[PDB]
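Residue numbers (our numbering): 1 to 233.
Cβ atoms here follow ideal geometry from the backbone N, Cα and C, with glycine treated the same way.
A short worksheet on the structure shown next.
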Ligand SMILES: [Cl-]
Ligand SMILES: [K+]
Ligand SMILES: [K+]
Ligand SMILES: [K+]
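Shown next as structure tokens:
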């Protein structure tokens, strides 16, 4: 099989895993076994991984035309969704952990989950606005438009890495923090390689698809799977 076909096979394996983890996490949440904020963010992350695998299949099937651009856009948006859900968890866990350090005697702050969610949702909205702007100018159909979208993803990956770093510095024994940090490192590395690949040749579809699969693999293996495994024990 060609490279793009191998990438779709891998993404479909990840989507299969994601559907199964969604079922396990839902039962765990109904049984009082997982925190609601973490559950809701992992659920969003898994749904982005399912969408990524769908867009990748469409990209393989539509190398040209409007369906090609729509598959590329859907694929990039699902990558943004995975990073924003990672950012949401790291930010929320950090804010809660910081309050414990600065003032352990204070009551639960209701603003913290709302603050983490609002910040992560802003990135999703900003990306949708950027896509619309490039689509209106026509720049979306040129290589410079795709670079601008990948540069946005790289900046989001850097912000996600910073959030994961701050969270991991609070508790070095926190395994979820360690998984978010390593995933954020791999995701940033994958996007920096994709930006390099897009300058070296015209294989733009392969560059983005490769980054997309690496991003979903990192999230599944390093962030989601260990939480699910702990619930199984
Ligand atoms: Cl206090
Ligand atoms: K407190
Ligand atoms: K959301
Ligand atoms: K940690």
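Taken atom to atom, the span from the alpha-carbon of residue 187 to that of residue 23 is near 25 Å. Residue 100 has its Cβ no nearer than 7 Å to any heavy atom of ligand 4. With a cut-off of 7 Å, the C-beta of residue 174 is classified as distant from ligand 1, since no heavy atom of the ligand falls inside that distance. In this structure residue 129 is exposed. Its beta-carbon is surrounded by fewer than 16 other beta-carbon atoms within 10 angstroms.
Out of 36, 153, 29 and 5, the CA that lies nearest to the CA of residue 190 is found in 153. The segment 180-232 is shown to contain whole alpha helix (DSSP H) runs of 4 or more residues at 204-218 and 225-232, in chain order. In this structure residue 145 is buried. Its beta-carbon is surrounded by 16 or more other beta-carbon atoms within 10 angstroms. By the neighbour-count definition (other C-beta atoms within 10 Å, threshold 16), residue 3 is an exposed residue.
Residue 21 counts as buried, since no fewer than 16 other beta carbons sit within 10 angstroms of its beta carbon. Between ligand 4 and residue 77, a heavy atom-to-CB distance of less than 7 Å is absent.
When the Cα atoms are used, residue 143 and residue 204 turn out to be separated by approximately 8 Å.
Between residue 96 and residue 112, the C-beta gap is smaller than 8 Å, which places the two residues in contact.
Contact between residue 91 and residue 163 holds: their C-beta atoms lie close to 5 Å from each other, under 8 Å. Counting other Cβ atoms within 10 Å of its Cβ, residue 160 reaches 16 or more and is therefore classed as buried.
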